[PDB]
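Step one of this worksheet: look at the structure below.
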Amino acid sequence: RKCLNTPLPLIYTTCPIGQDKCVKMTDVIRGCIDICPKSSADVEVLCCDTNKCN
């Protein structure tokens with residue numbers, strides 16, 4: 001529902017209905033998501049399913 005949104009520690013948005021998950025990708029990018037994208041050689045995906053968990 002709510003997810004961290006920026007490389008900064010507290011900022012968030014409420015997600016589009018249907019985007020029930022939060023992701024931190026590591027530069028650092030965070031935001032709302034529907035399905036947890038596969039991790040890769042040079043990009044790491046953390047995915048969690050509770051408010052501001054990323």
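So basically every Cβ, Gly included, is an ideal-geometry build from the backbone, and we count neighbours across all protein chains shown. Here, each number is a calculation from the coordinates, and none is a lab measurement.
Worth a mention:
- For the chain, the Kirkwood hydrodynamic radius from C-alpha pairs, put into Stokes-Einstein at 20 °C and a viscosity of 1.002 mPa s, yields a diffusion coefficient of 196 µm² per second.
- Note on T50 and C36: the model spin-label points, each 7 Å out from Cα along the C-beta direction, lie 1.4 nm apart.
- Counting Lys and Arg as +1 and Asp and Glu as -1 over every other residue whose Cβ lies under 12 Å from the Cβ of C53, the net charge comes to +4.
- Neighbours of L4 by Cβ distance under 11 Å: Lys/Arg scored +1, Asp/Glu scored -1, total +4.
- Residues whose placed amide H lies under 5 Å from that of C48, excluding near-sequence neighbours: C22
- Simple Cβ-charge dipole of the chain, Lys/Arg +1 and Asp/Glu -1, about Cα centre, in debye nearest 20: 220
- Fewest-first ordering of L4, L46 by other beta carbons within 10 Å of each residue's beta carbon gives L46, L4.
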